[PDB]
């Protein structure tokens, strides 16, 4: 509740709020492109929205106004990349962007946030991190099941959006530090999460190396 933390919390908290609204909208949109799995998607969606409320509460708790503008342009480049794939019915990219890259970013950041969160906030985030492991898994089940048809596009979707997360990660860097998040942990933990995610899908270790290398 000091001067500097709250400021850092105004944008970071805004980032998780925006990420969550966005994640909500993206699952409802995937729902349409993949109708056979529509309502377990719908549930991933309607789940995302209770996260948004969750993280609004943590800001109100500390008595801080989120900076939605910052957040919304924090996310501009990905969302529009997602949207441009939705509009082409390219569902593979939409899954790579949202379920693998976006959730792995979340999984790594929260696990890093929890040990340093002030007490009300580590309660909800432990509550959320449970739920994103499942979101990552869904994108993981689907992609692994269609790996052969999906791989050429996955490869292309990776080089186009993986550079954007690193910019996102480097932007957070400073405001994460004053929240007690050591940037090397963010950096280290997202790559391992994503790398494991790629391997599980059907990518070999050498391939995976090549893909990470676009940051």
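Positions refer to the first chain, counted from 1.
As recorded in the PDB entry, 34-42 is the stretch of 182-190 and 34-42 with the greater mean C-alpha temperature factor.
The stretch 197-205 shows the higher mean C-alpha B-factor when 13-21 is compared against 197-205 in the entry. Placement of the Cα temperature factor of residue 75 within the chain: lowest third of the modelled residues, per the deposited record. Among all modelled residues in this chain, the alpha-carbon of residue 54 has a temperature factor (C-alpha) in the middle third. When the CA B factors of the chain's modelled residues are split into thirds, the value for residue 146 lands in the middle one. In this PDB entry, the Cα temperature factor of residue 62 sits in the top third of its chain's modelled residues, the highest group.
In the PDB entry, residue 68 places in the middle third of its chain by CA B-factor.
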